[PDB]
Every structure is written in C-alpha cells, then in structure tokens.
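**Q** this one's sequence-less:
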C-alpha cells in the first residue's frame, strides 16, 4: 500500500545479487566483472471506483 | 532551453484552441461543447557528449 | 447519458497518431521503494574456529 | 574481490539511488563464499581417500551413513522418520571417536528440514516432542542442533564469475557434483562438531571506492583474504541417499 | 514458465498440489493434505531466502473447517494448533491461517 | 527545443602512470522538433 | 505529409522554392529570388498565427 501522486502507473525496480572472484597479484579487476542485473515491476492505476 | 533532472526523456504537452458560442437564455452549455484537442511532443536526451 | 465534449487529457489525438489508447499522454512515475533481493544470512560464523 | 562499476550518464538518467544497496550485495557476496567454502571443506573431510582418512591412524573416521534409496523415500513423512532415526546413529558414530557431546550441529537443506517436521506432526507422531508446530521449527534433535541452509552444495569462490547456473572456472573449495562420497547428487545433511573446520583470516574485510575518469564511472570494491581448511576429520560426518542399483 | 521469476535464480511461485479432489471429498482427509502441503510450502518459501514471519495463508472458510476436522481428536494423535472450543486454528507452520 | 541534463561541467583527473593531467568537459542534452508550424525552409528547385 | 502538423489545421512548414540555381548565376540576381521568396515566407508564417 504505497502512495504516489500524478501518475498513470507506478514502476518498481529490482536488483539481482552478485558473485565474488579471486584476484591474482598482477590481474586487473576490469578483466573480471559481471555486473548486477536490473529489471522493473509495473503497477498501473485503474479507473475511478 | 529547458532543464530536467533524472529523466530518460522530456514531454511537452500542447493544447489546441477552442471556439466561443452565444448562449441564448434557456440553453445548456453541455449541449454545445466540442472539447480541446491534446497531443504530445516528446524529445529524448542523447548519450554523454 | 454520457457527457458531450468532455475534456480528454489522455487521448493522443494528433494529425497522424492513432489515439486509440485513452491513457497515452499520461506517463508513469517512480514507485515508492526500490525492490531488493532478500538478504542471505551466514550460518557457519560462530560454528568453527 | 567483488566490485561494481557505475557509469555517470546512466546514473544521471536513473531516478533512484543504487550505491547504498550495491555495497550491501558485494559485501554479502563475499560472506556467502565463506559459507560455501566452510561447508565444502566439511564435505571434503568425508570425501577423504581411503589412504588418508585419518589425521593419525587410530584417531577416528569421517563416517558416511545412509538414509534410503531416494526412490522409496520420496514421501515427505517417510523421509523424515529415516533422517530422525539416522541422526541417532550419527550421534553414536560421533561418540565412538570420543568427540565431546554438545557443540554439535547438523546442516541440512530446508527440504529435509520440513521432512523432519512432517514426521513429528500430530498425524504421524504419537506424542509431541522436539518441534514447535506453531512456528514450524524443529528443536535440537539429539545432540545435534538442526540448521537449515539453502546454500548447500555450493562451493567457494573461484577465478571469474559464473553466470547463473554455470560453474566457476577454477574453484578452490568445491562440492563434488558426482564424487564418490557425499557428492551433490545424493546429499541429505552434514553433521559436525565445533572442532571440525577452521578458517584463517588476513586483512579482515574492507570496502573501497574509486573514480575512473577515463571511463567516466565510479567504482566500489569489497575484499578480504581468508583460508579455509579441514582439520580433525574424526569430527566430520554426512547423511546421503543410497546409490541407485545398476 | 518463461517469465515466472523477476531475475533468473531468485524464486518461483511453487503452485504445489494437494490431490485429485475425487478422493479428497471428505473434509478430514482434505485437511491433512492441506496441513501436509503447508510444510513443503514453508520449505519452498524458505529456499528463496524469504524472511520468516509476516507470512499468511488465505483460504475459503470450507478449507478452514477441513483443517479443523483434520486436527480433531478422531484424526490427530495429540493436541496441537487448533482449539476445539472455538474452532480456530493457531498459526499452522510459519503461515497464519486466514479464512 | 533543447532539454539539458546536468548542464555543462568539467573535471580534472590525475594520470599518475603517464605523469599527466587530464581535463574533460561534458554535458548531456537532447534536441527536438516541437512546434512544426513555426518552422520553414528555402530550397533550390530540382 | 500525414504527420507534419501537431493538430489538424494548425500550421505547416511551408517548404517553398527558389527556382533552380543554374539560371541565377551572379549573386546579385540571387538576392532578388531569396528576398522575393521571403515575402511568402513571412505571409505563410503569419497565417499560422506565429
């Protein structure tokens, strides 16, 4: 039960965890990177009841 | 030169004029009503330059 | 019956736009909170040396 | 190390803050690798070769134990009674090596955790013991303290980051998928005593922030250095399904 | 099945099953299947790291009485959860039963 | 119309490995075609 | 031609013409064509209430 103002729909974003790894001496972190996944959840407002 | 914050794109609504009419006594405004047309012009920001 | 000439803000209208969607010009807004993956609890921390 | 890179242009277009949550996930990702490594080291002791089972010949054996064939035992309450009856033998197998009583824990999947709950329900059990039905929690079955962990059969970290289901390229502490004993295919639980696994820590855990101007991105990285090894194999143990007849 | 999760490796609805309803007609037999499957529902919901507590179970009043009949002295070996004096269930498993 | 995000800013960074200093200026803007009726052109005939 | 206006009957870009370039040749005669065409350009823009 969250509240918004002046919106046709409400968007909720999600975040999707990550995994660790070993860095040998002399290895760059840029060479091993995965990123964290993103996507959205939509709750569109109905008509006037 | 408009400015926005935290947005993928910007929206500019535009409005479409109206016409006046004479209201003789004993008449209803609801019977003579056309409405005003709305349409949209949206322009999106490019990548970082 | 139905009102005549009611103001329709959502309808796109326009010269070339379809205007079939009654909520076209309205835009969604950010929801209240961002959804985050559930926290994972560590069990072995106090169970060994 | 676990790191994340945030580009400035994508941060500007974003309508919410992600930096605060990212440090929580990268820090938690490091902690999850420690649990995977410790439990895999515990399963490593049970997987010790026949030549090197013991610290010194005559001290104690890792012990394997068996619950059932996993085909006849598919029913939930049937599986629960098998585990409860076999946790008694696990208590005895640990005692035969003079392992002290108390400080004994049993690591099991939540699926088997609910199997024990079904075994002690009013429909199955003639009288009330152990579990609390209102909270769905089973309490201290025998000397072992029952602990449910979703992340069993998950090893430590390795070189590179697997996608979702992929395997790490070189994983230091790994849980065997098709190993000889207590592998991933037929595992029910791991029972152990306080002095069965050890971890050695350097540098503790640190969180670092950097600025990459050439890429116009910010960077956050979390890191530690620890070593996990199996000591005192006589305290180790397992519960596995019976190998299918072939 | 393609879009059941938010992101891959986060969790699934776990629709579960209780029986064919051809033989689950009598309420006392249906109630045991419901109570039995609430134990798996506790495990399946925990496998996704969903926090314990703040859990609830929405069901029709008919199934509510089925759970009551399954824990009657005729069916259950010992007293747990429900109280026959008021016919009200008391937090079956982690979930809270709501009619 | 021009929609500007972050306006224009410039930052200075130290490149120790190259013993150099880097100065970069940046902006994020979008340009659009609202109000066509006020637009126009003159073209040569083909 | 179907999307040029914001709303039907609100105004058009008014492309206009200059009348080729080969015949114009000297720059002085080019100014006459451009300025004479700016007569319509101002008139067309005013008709849209700009």
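**A** Everything's here; your move. Numbering: from 1, shown residues only, chains lettered A, B, ... in the order given.

**Q** ok, how many other residues are close to residue D:12?
**A** For residue D:12, the neighbour count with other CB atoms under 10 Å in any protein chain shown is 15. Using the backbone N, CA and C atoms, a C-beta is placed for each residue, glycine as well.

**Q** got the contact list for it?
**A** Neighbouring residues of residue D:12 by CB atoms under 8 Å, 6 or more residues apart in numbering or on different chains: B:6, F:5, F:6, F:28.

**Q** Kindly provide the distance from it to residue C:36.
**A** 22 Å (CB to CB, to the nearest Å).

**Q** Same check on residue D:158?
**A** For residue D:158, the distance to residue C:36 - CB to CB - is 26 Å.

**Q** Mind checking which of these two has more residues around it?
**A** residue D:158 (20 against 16).

**Q** what residues are up against the residue in chain D that chain G sits nearest to?
**A** With CB to the nearest CB, the shortest gap between chain D and chain G falls at residue D:13, namely 26.8 Å. When contacts are counted by CB under 8 Å, 6+ apart, residue D:13 touches B:6, B:7, B:8, B:45, F:5.

**Q** Select only the buried ones of these in ChimeraX?
**A** Here is the ChimeraX selection string for the buried members of the contacts of residue D:13, based on 16 or more other CB atoms under 10 Å in any protein chain shown:
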select /B:7,45 /F:5
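
**Q** Pipe the contacts of residue D:13 into JSON lines and attach distance to residue C:49 per row.
**A** Listed next are those as JSON lines, based on distance: CB to CB, whole Å:
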{"residue": "B:6", "distance to residue C:49": "49"}
{"residue": "B:7", "distance to residue C:49": "54"}
{"residue": "B:8", "distance to residue C:49": "52"}
{"residue": "B:45", "distance to residue C:49": "56"}
{"residue": "F:5", "distance to residue C:49": "54"}
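
**Q** So which bits of chain C are right by chain F?
**A** Within chain C, no position is adjacent to chain F by CB under 8 Å from any CB of the partner chain.

**Q** follow-up on the earlier one: quickly name whichever of the contacts of residue D:13 is closest to residue A:23.
**A** Taking CB to CB as the measure, residue A:23 sits nearest to residue B:6 out of the contacts of residue D:13, at 34.1 Å.

**Q** Report the central residue of chain C.
**A** By CA atoms, centre = their mean, chain C has its centre lying nearest to residue C:28, at 4.9 Å.

**Q** where along chain D do the strands fall?
**A** For chain D, the strands defined by DSSP state E occupy D:2-7, D:66-68, D:104-108, D:144-148, D:158-159, D:170-171, D:189-193, D:197-212, D:217-230, D:240-241.

**Q** Pull the most distant pair out of the contacts of residue D:13.
**A** Greatest spatial distance among those (CB to CB): B:6 and B:45, at 11.3 Å.

**Q** and the longest helix for chain D?
**A** In chain D, with assignment by DSSP state H, the single longest helix is helix D:19-46.

**Q** Check which helices and strands that helix is in contact with.
**A** In this structure, helix D:19-46 makes packing contacts with strand A:9-15, strand D:2-7, strand D:189-193, strand D:197-212, strand D:217-230, judged by 3 or more CB pairs under 8 Å, 6 or more residues apart in numbering or on different chains; DSSP states H and E.

**Q** Nearest approach to residue B:26 belongs to which of these?
**A** Across the helices and strands packed on helix D:19-46, residue B:26 has its closest neighbour in strand A:9-15 (45.1 Å, CB to CB).

**Q** is chain B contacted by the next helix or strand after that closest one?
**A** Note on strand A:9-15: by DSSP states H and E, the next helix or strand toward the C-terminus is strand A:38-44. No - shown here: strand A:38-44 not in contact with chain B (CB under 8 Å from any CB), separated by at least 12.4 Å.

**Q** report the angle between the axes of strand A:38-44 and strand A:9-15?
**A** Angular relation of strand A:38-44 and strand A:9-15 on a 0 to 180 degree scale: 160 degrees, by axes from the mean of the first three to the mean of the last three CA atoms, to 10 degrees.

**Q** Partner strands of strand A:38-44, with direction?
**A** If you go by DSSP bridges, strand A:38-44 pairs up with strand A:9-15 (antiparallel).

**Q** what comes up buried for the strand it pairs with?
**A** Across strand A:9-15, burial judged by 16+ other CB under 10 Å covers A:10, A:11, A:12, A:13, A:14, A:15.

**Q** Ok, stretch C:18-30 next?
**A** C:19, C:23, C:24, C:25, C:26, C:28, C:30.

**Q** Nearest to chain G: which residue in chain C?
**A** Closest contact between chain C and chain G, by CB to the nearest CB, is at residue C:16 (3.7 Å).

**Q** count of neighbours near that residue?
**A** For residue C:16, the neighbour count with other CB under 10 Å is 13.

**Q** Find the nearest non-adjacent residue to it, please.
**A** Spatial nearest neighbour of residue C:16, excluding adjacent residues (CB to CB, 6 or more residues apart in numbering or on different chains): residue G:3 at 3.7 Å.

**Q** Which one of the helices and strands packed on helix D:19-46 lies nearest to residue B:41?
**A** When the helices and strands packed on helix D:19-46 are compared by CB to CB, strand A:9-15 sits nearest residue B:41, at 20.8 Å.

**Q** Roughly how far does residue A:5 sit from residue C:23?
**A** Distance from residue A:5 to residue C:23, counting by CB to CB: 17 Å.

**Q** for residue D:83, that is, sorry about that
**A** 56 Å.

**Q** which parts of chain A sit against chain D?
**A** Counting by CB under 8 Å from any CB, chain A comes close to chain D at A:13, A:15, A:17-24, A:29, A:32-36.

**Q** for these, which one is nearest chain B?
**A** Looking across the residues of chain A next to chain D and measuring by CB to the nearest CB, the closest to chain B is residue A:13, at 13.0 Å.

**Q** Smallest gap between chain D and chain F, at which residue?
**A** Counting by CB to the nearest CB, chain D gets nearest to chain F through residue D:213 (3.6 Å).

**Q** Quick check: buried residues in stretch C:38-49?
**A** Across stretch C:38-49, burial judged by 16+ other CB under 10 Å covers C:40, C:43, C:44, C:47, C:48.
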